[PDB]
Amino acid sequence: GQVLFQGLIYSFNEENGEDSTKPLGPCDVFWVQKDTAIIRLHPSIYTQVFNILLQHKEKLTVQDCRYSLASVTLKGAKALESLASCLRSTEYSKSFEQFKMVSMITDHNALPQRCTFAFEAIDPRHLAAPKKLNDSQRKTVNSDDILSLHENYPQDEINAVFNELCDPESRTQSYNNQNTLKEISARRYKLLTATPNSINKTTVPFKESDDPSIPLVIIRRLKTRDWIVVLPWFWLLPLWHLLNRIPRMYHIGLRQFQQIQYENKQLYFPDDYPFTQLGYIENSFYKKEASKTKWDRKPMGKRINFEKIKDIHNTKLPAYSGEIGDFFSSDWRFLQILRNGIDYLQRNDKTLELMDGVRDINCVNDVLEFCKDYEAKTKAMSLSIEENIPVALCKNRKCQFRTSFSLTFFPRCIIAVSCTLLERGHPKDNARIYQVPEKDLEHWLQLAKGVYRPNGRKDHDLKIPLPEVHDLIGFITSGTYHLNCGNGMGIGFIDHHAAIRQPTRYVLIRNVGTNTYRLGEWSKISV
Amino acid sequence: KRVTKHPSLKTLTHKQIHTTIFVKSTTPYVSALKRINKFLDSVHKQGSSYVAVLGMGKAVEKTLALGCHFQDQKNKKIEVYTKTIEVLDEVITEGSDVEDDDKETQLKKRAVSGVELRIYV
Amino acid sequence: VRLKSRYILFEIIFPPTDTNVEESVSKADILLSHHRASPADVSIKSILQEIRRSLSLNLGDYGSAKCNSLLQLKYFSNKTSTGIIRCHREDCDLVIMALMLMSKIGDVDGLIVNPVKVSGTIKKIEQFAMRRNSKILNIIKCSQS
Amino acid sequence: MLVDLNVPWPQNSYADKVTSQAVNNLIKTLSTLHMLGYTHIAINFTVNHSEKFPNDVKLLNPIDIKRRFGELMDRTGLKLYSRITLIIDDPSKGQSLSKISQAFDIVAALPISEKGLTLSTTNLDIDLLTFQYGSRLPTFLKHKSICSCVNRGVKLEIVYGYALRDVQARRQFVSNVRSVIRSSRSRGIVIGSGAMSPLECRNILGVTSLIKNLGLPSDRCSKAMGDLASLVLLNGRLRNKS
RNA sequence: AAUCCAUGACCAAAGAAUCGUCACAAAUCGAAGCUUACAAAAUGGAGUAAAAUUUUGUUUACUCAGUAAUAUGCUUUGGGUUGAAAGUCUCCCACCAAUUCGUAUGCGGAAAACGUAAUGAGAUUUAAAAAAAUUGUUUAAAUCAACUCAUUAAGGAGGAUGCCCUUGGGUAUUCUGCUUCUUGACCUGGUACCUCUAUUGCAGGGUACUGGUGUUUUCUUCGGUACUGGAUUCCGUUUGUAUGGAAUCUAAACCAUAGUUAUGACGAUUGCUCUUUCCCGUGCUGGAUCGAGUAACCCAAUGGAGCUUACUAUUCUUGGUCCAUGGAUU
RNA sequence: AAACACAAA
Ligand SMILES: [Mg+2]
Ligand SMILES: [Mg+2]
Ligand SMILES: [Mg+2]
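Residues numbered from 1 in each chain as written, not as in the entry; some residues may be left out. Chains lettered and ligands numbered in written order. Part of a larger assembly, values for the part shown. Heavy atoms only, no water.

Peer 1: How would you explain the overall build of chain A if you had to name every residue and give the values?
Peer 2: Along its length, chain A carries 16 helices and 13 strands. Viewed in the frame of its principal axes, chain A has a C-alpha envelope of about 100 × 70 × 50 Å. Surface accessibility of chain A: about 31300 Å² in total, with carbon and sulfur atoms responsible for 53%. In chain A, 70 positive and 61 negative side-chain charges are present, and the distance between their average locations comes to 6 Å. (Helix = DSSP H or I, 4+ residues; strand = E, 2+ residues; numbered from the N terminus. Areas by Shrake-Rupley, 256 points an atom, 1.4 Å probe, with all protein chains shown as cover. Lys, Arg positive; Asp, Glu negative; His and termini not counted. Charge placed at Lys NZ, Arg CZ, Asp CG, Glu CD.)

Peer 1: Hey, could you go over the overall build of chain D for me, with residue numbers and the actual values?
Peer 2: Assigned secondary structure in chain D consists of nine helices and seven strands. Against the 2.2 N^0.38 benchmark of 18 Å for 242 residues, chain D shows a C-alpha radius of gyration of 17 Å, consistent with a compact globule. Looking at chain D residue by residue over its 242 residues, the buried ones come to 53%. For chain D, the exposed surface amounts to about 11400 Å²; the carbon and sulfur share of it is 52%. (Rg over C-alpha atoms; globule rule 2.2 N^0.38 Å. Buried < 20%, exposed > 50% of the residue type's maximum accessible area, 1.4 Å probe, protein only.)

Peer 1: Quick rundown of the pattern of salt bridges? Include the residues and the values.
Peer 2: All names here are of chain A. Throughout the structure, instances matching the rule amount to 27 salt bridges over all chains. The salt bridge partner of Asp64 is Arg66, with a shortest N-O separation of 3.2 Å. One salt bridge connects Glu323 with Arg510, and the closest N-O pair in it is separated by 2.6 Å. Per residue, the accessibility class of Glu323 equals that of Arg510, and both read buried. (Salt bridge = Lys/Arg side-chain N within 4 Å of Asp/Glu carboxyl O.)

Peer 1: An account of the interface of chain C and chain D is needed here, citing residue identities and associated values.
Peer 2: Between chain C and chain D, the contact holds 31 residues from the first and 27 residues from the second. When the two sides are added together, the surface that chain C and chain D hide from each other amounts to roughly 2500 Å², 63% of it contributed by carbon and sulfur. Broken down residue by residue, the surface that chain C buries against chain D is led by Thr19, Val25 and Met100 of chain C, which jointly contribute 25%. At the junction of chain C with chain D, the criterion picks out two salt bridges. (Contact = heavy atoms within 4.5 Å. Buried area = accessible area lost by both parts, 1.4 Å probe.)

Peer 1: Describe the nonpolar core, and please don't skip the residues or the numbers.
Peer 2: If you look at the biggest cluster of nonpolar residues, it comprises 65 residues, and the most contacted ones within it are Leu30, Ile43, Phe69, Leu156 and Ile158 of chain D. Membership of the second largest hydrophobic core comes to 40 residues, among which are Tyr262, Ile324, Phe334 and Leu407 of chain A. (Core = buried A, V, L, I, M, F, W, Y, C linked by side-chain atoms within 4.5 Å.)

Peer 1: Now, about the protein's contact with RNA strand E: what can you tell me, with residues and values included?
Peer 2: Surrounding RNA strand E, one finds 111 residues, the nearest of these being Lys302, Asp461 and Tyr481 of chain A, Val23 of chain B together with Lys124 of chain C. Across the atoms of RNA strand E situated within 4 Å of the protein, the share located in sugar and phosphate is 66%. Here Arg518 of chain A contributes a side-chain N or O atom positioned 3.2 Å from a phosphate oxygen of RNA strand E. Looking at the surface near RNA strand E, its residues break down into 35 nonpolar, 35 polar and 41 charged. (Near = heavy atom within 4 Å. Polar contact = N/O pair within 3.5 Å; in protein donor to acceptor, adjacent residues only side chain to side chain. Nonpolar A, V, L, I, M, F, W, Y, C, P; charged D, E, K, R; others polar.)

Peer 1: I'd like a description of the environment of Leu30 of chain D, backed by residues and values.
Peer 2: Residues and elements named next belong to chain D. Its location among the elements puts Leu30 in helix α1 (residues 20–36). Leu30 sits 65 residues away from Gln95 along the chain, and the two C-alpha atoms are 34 Å apart. With residues near it in sequence (within four places) discarded, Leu30 still touches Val7, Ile41, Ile43, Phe69 and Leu80.

Peer 1: Outline the packing of aromatic side chains, listing residues and values.
Peer 2: The description of an aromatic ring pair uses the distance of the two centres, along with the angle that the planes make with each other. For the structure shown, the criterion picks out 24 aromatic pairs over all chains. For the pair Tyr46 of chain A and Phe50 of chain A, a centre-to-centre distance of 6.0 Å together with 40° between the ring planes defines the contact as tilted. You can see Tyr46 of chain A and its partner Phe50 of chain A sitting in helix α1 (residues 43–54), four residues apart, about one turn around the helix. Taking relative accessible area as the criterion, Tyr46 of chain A reaches 15% and is therefore assigned buried. Three or more aromatic residues link up through ring pairs in this structure, and these residues are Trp295, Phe306, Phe327 and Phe328 of chain A. For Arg114 of chain A, the ring lying beneath its charged end belongs to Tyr153 of chain A, and the centroid distance is 5.1 Å. Between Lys117 of chain C and the ring centre of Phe128 of chain C, over which it is positioned, the NZ or CZ distance is 6.0 Å. (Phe/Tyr/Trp six-rings, centres within 6.5 Å; stacked < 30°, edge-to-face > 60°. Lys NZ or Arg CZ within 6 Å of the ring centre and 35° of its normal.)

Peer 1: For the sheet that holds strand β4 (residues 78–92) of chain B, give the residues involved together with the corresponding values.
Peer 2: All names here are of chain B. Ordered in space as β1-β4-β5-β3-β2, the five strands form an open sheet in which the pairing is mixed. Whereas interior strands pair on both sides, the edge strands pair on one side only; in this sheet they are β1 (3–5) and β2 (20–22). Mean inter-strand twist for the sheet, computed between neighbouring axes without regard to direction, equals 25°. On the sheet, helix α1 (residues 29–46) packs against β2, β3 (51–56) and β5 (105–119) and is oriented at approximately 165° with respect to β2. Lying on the sheet, helix α2 (residues 60–72) is in contact with β3, β4 and β5; it crosses β5 at an angle near 15°. (Pairing = 2+ DSSP bridges. Axes fitted to C-alpha atoms, helices over the stretch in contact; angles between N-to-C directions.)

Peer 1: Summarise the interface of chain B and chain A; cite the residues concerned and give the values.
Peer 2: Contacts between the two partners involve 16 residues from chain B and, on the opposite side, 20 residues from chain A. In total, chain B and chain A occlude about 1500 Å² of area from one another, counting both sides; carbon and sulfur atoms represent 54% of this. Where chain B touches chain A, the interface holds one salt bridge. A salt bridge links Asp97 of chain B to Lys398 of chain A; its shortest N-O distance comes to 3.6 Å. Counting across the chain B and chain A interface gives two residue pairs in polar contact. Class assignment of the residues belonging to the side of chain B that touches chain A gives a composition of five nonpolar, six polar and five charged.

Peer 1: Summarise the packing of helix α1 (residues 27–34) of chain C against α1 of chain D; cite the residues concerned and give the values.
Peer 2: Remark: α1 of chain C packs on α1 of chain D, axes separated minimally by 11 Å, with the N-to-C direction vectors making an angle of 90°. One finds that α1 of chain C runs roughly perpendicular with respect to α1 of chain D. Residues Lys27, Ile30, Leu31 and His34 of chain C of α1 of chain C form the contact with α1 of chain D, whose participating residues are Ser31, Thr32, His34 and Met35 of chain D. Partitioned by chemical class, the residues of the contact of α1 of chain C with α1 of chain D number three nonpolar, four polar and one charged. (Parallel < 35°, antiparallel > 145°, perpendicular 65-115°, else oblique.)

Peer 1: Any chance you could break down a positive patch on the surface for me, citing the residues and the numbers?
Peer 2: Taken together, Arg2, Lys4, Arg6 and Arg89 of chain C make up a surface patch of like positive charges. Within the element layout of this structure, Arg89 of chain C appears in the loop between β3 (82–88) and α4 (92–100). (Patch = residues over 30% accessible without salt bridge, like charges linked within 9 Å, V, L, I, M, F, W, Y side chains within 5 Å.)

Peer 1: Explain helix α13 (residues 364–378) of chain A to me, and be specific about the residues and the numbers.
Peer 2: Residues and elements named next belong to chain A. For α13, with 15 residues, the first-to-last C-alpha span of 21 Å sits near the 21 Å given by 1.5 Å per residue. Among all positions in α13, only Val364, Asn365, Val367, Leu368 and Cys371 are buried. Axial view of α13: buried residues confined to an arc of 165°, hence all on one face. Looking at the packing, one finds that the buried side of α13 touches α12 (332–348). (Expected span 1.5 Å × (residues − 1). Arc of directions from axis to C-beta.)

Peer 1: Help me get a handle on the pairing of strand β7 (residues 227–232) of chain A, residues and values and all.
Peer 2: Looking along a regular strand, one sees the side chains alternate between the two faces of the sheet. Residue and element names in this part refer to chain A. Across the six residues of β7, six count as buried, placing the element largely inside the fold. Examined bridge by bridge, strand β4 (residues 69–74) and β7 share six bridges and lie antiparallel to one another. By the bridge assignment for β7, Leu74 is matched with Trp227. Here four bridges tie strand β6 (residues 214–220) to β7, and the two strands are oriented antiparallel to one another. Bridge pairing links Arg220 to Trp227 in β7.

Peer 1: So what's going on with unusual backbone geometry? Residues and values would help.
Peer 2: Keep in mind that most residues, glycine aside, have a negative phi and that most peptide bonds are trans. Residue and element names in this part refer to chain A. Here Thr106, not a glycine, exhibits a phi torsion of approximately 75°, which is positive. In this structure, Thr106 sits in the loop between α3 (94–102) and β5 (116–121). For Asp311, which is not a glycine, the phi torsion comes out positive at approximately 35°. Along the chain, the position of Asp311 falls in the loop between α11 (277–297) and α12.

Peer 1: With reference to specific residues and values, describe the sheet that holds strand β12 (residues 506–510) of chain A.
Peer 2: Residue and element names in this part refer to chain A. Taken in spatial order, the six strands close into a barrel running β8-β11-β10-β9-β12-β13, and their pairing is antiparallel. Pairs of neighbouring strands in the sheet enclose a mean axial angle of 40°, with direction left out of account. As defined by bridge partners, strand β10 (residues 472–482) adjoins strand β11 (residues 487–495) across eight bridges and the pair is classed as antiparallel. Bridge assignment links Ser478 to a residue of β11, and that residue is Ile491. In the packing of helix α9 (residues 254–264) onto the sheet, contacts are made with β10 and β11, and the angle to β10 comes to roughly 115°.

Structure below.
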């Protein structure tokens, strides 16, 4: 079906009969003619992809496209009605016959997954004004047309356009006669005097000899829910101009791109992904140094004091006395070492003690001191020697999720979940995710059901049951007020063992400076 | 059997979408009242006369409740129409171990009855 | 810079003090019997003088001196008995307590003053007055049946 | 929502029978209350501690809300509750609450002597304690008994209606309300409207501004007036039923 | 001359955070949001119980989506937003293989009366400060510090010098020198070729070449193309273009994780600066009582960047420097 | 009030 998908890429490396793979990141793979495969992804990781590809090129041909093929993204309901108002056809084709009817659908989710329209378009500088297409059969649009769209498909012209765009000879022949703005101006000035002296035409007809045919591709993405359009590098500017000329189209940026990706359920690669190598490395680095510069920039008595915050965890221990993790970044190394220590405590005894060159660790303070000592040793040298958190969503189904004294050798799997706030509260980035304890389990259930005042309104001005310290099972990476539902959406990553531990989906959320615990429920995300 | 349901085809030009509220199954009552009041106040600036209230399936009951509210509360003429809505569903047909989401998708039609509720000013 | 203003909306309500006559118990009936009309001897300078006298009589000398700096009646008509009193954001409580402690007009007796809306701009006051006037018509239309 | 729990009934003793004019004036006052905007109404009935309580159960309440105000309750859409205050002077001719607490809903007291304050703080199952705001307060309000009666649950009631009667008693009312605000430390302060005529009725904004200028903070006013009044009503209902 | 202590002067950084509460089927000092309509119960759903009917079929009385929705409620933030909102400062917010600053010019930058780096000099006796904006004082004039102006084009290769190091390699400076290549200041005259005005000499435009300062003294904008709100109707089409032509009515384009004289009211908690106290180890953003204070400039009206100018004396603070002085030791 | 100007002062 040659449909475009958005999956997770890996770095494979086999030297002699051995196979060790590492989490790489995202990628977009597309097949054409069962041989021509295009792979598009982030440049920073594209370098490594190209390297690991070129190292194995004995029976394969590689072609880089960094300054000869470009793609631009359209989002919204009326995104295809403007792309159609800009694009025109040089010769009759069924691709355009389907695209014309698609432009009137106005609903992207109603269309099926397989939707790829490619043809040869005219240069957008040729058109004077973005004239809209014929709108007369707008009322007679039923589901039979969408049913027939899956059957009727001109594969031959699609493959021809794809081979023209892939081959570097036709791609260069497209630049044969690229008329200048002065050329088009003179042609439009001389179209004033034509043979039919009854109709005023502000456009210029197409020529099969002295005119360039431009190959274009349109694909729809299911995960991101957007329409990507691919066009040569030097041809993107004339299309981009006429696209922006539509007075309902604004330019979206990387910040707003991350916002749109976070809004639905999705994730951003460098900022959100905590388990890949380069993404997590650069996340930890840039965010930690930036927050530390903003922190040390301010003087004493002007910044929030993470060191001195009382009543954060019941039965406070004299180890940190402030924040349990990192004051600036959402650190998963501390979470991993702490959970490893707690697991060792459960493996040595049924109960755990709180207060009392490897030491016989008998309390939580001993593990907190080990974490602090690891951080004090890391103060000077690089971090992330092996990893902190992998992601194993399929491995548990494949064989099993399986549970010397290192405390930092084996990592802990996490699942991508979305926890939503069901009550008063506002989340933020680098937030802490705790699990509801067993003793005060009915109080949170009654609060989630309802506790009102004699006046009638809700009642949350009560004493909260501050939980213990060994209950942190996750960190929120994308904390922003959800505007699509009216509440606080939290995008975090919780442990699978702790997910199977609880019999309920209730989870507490806390900030990095705030000492309040909000309640919510999480839902799994398959990304 | 795994089967997914997509929304129904909506072809609204520029103003049918503005003066129309699509009542979901999870849409609250008071928020619907607020949006209906806003639409009623913005109609004559959009240049229409009535406000469309479309709901199908589970939300039909509370859509009729919204209609009956403004029926006598504000004394505004309401019109109830019964229409049919066709929805396309992607089903998997039997024909190693692949992903459940990445299987053979076949489109199937399903007709459901719905209520359109117009409110005058 | 900006002068912090705070307008005050008040209503003159006449309780139907007549124990010899039986009355109808409903919403619109009592709304009509309480919003009947204002007497002819009602104006802006007659209400301003009365409130100025009551302010000095209840608060005192300094209480009237601090409050009478920006005490003006911007909009008032005797057909609907709705007035907008401008004052400072500091002395809003004083003006509200004086409007509560209003006993009677020098010639017209048997009336109460109800402060409804307090805001720092006249546009929101006008919007709230229009909303209240629209709400009043609903119970009237319902009871006319 | 608002709660008014100090509407007086035009009857002091048991012997005097009520007239139609008094009932009409009470209806006028309640209709004015509902017009200004209120939710809960609890009319009060004054009686003396020396007057002989009848040995009945179905005759203790000369109000009969169901036959008189039950039709207004259905039409205008409000509710009514029964409340009785105890004008206590001397510990004699008393020692009976298990029969007066089941009939009425809210039980109040009115001490006018120094021994009355002790008897109210020690051996009375009451919810609110009120003073004669019109005339002089009996001896002196101190923190000693006020703290011990507020820590258990008894609040102090303030009648903002008594000020609207004349001009001379306004000074005494202010001197008593500031005293009780200074002594109670602004925790258990409930407000009530003791007006029998519709010409002495006010709204929430004016009363709030008055109590704020008298010495009560803005949060205390709203919090008390709403929640403490609703809680007193709920406690009275629970005392009547279970 | 070294170190320490106290004062003063000058440069640089930032503008503490958290929780709860405030009547009205609507409200508040205000604001936004909870709308891609379905519980596969529409391929004319799945079954149970009774009567009658020679089974079908039909009439009554029920079960199933249960993680179920819960009626003016509910969640969020709002005057320094990655410090000045203040200011009669500058600039972007259509394009143009080019009469359109075709500007490879120290670096960064789309631009900026924009940031910064190395060297030399300067003070109404000067390139220019004294007898466009901004600022109460408004650069300097022993030395330092600060302002202004004048030079230094990007990358690769060879030699010399200095440092760790003495196979060798790395960094900094300086000299020779190559690579970085869109037949373009503007304008006049002559010659040669082609097209239209439907024969020619001639009249106008384009291109290739040569010659010249040629009154380019309007020393401040002067080139080309482009209907960007919404509704509906008419007509032609496998003879050609697979889409084009025109018509009627209205006024909207209304948009801020503050948004248009709004940004409220108090209560509670931690932290920050000094002072009168007690303990371990001297000390330790070591701990707890008796107390005082939480600053000033000042405030959005479309958005972003640069610069300048106001602030921090019991009217909160922080870091460093000083060929400034004061005391002591060597 | 704010915000604007080859104004005006
Ligand atoms: Mg301003
Ligand atoms: Mg100004
Ligand atoms: Mg300004």
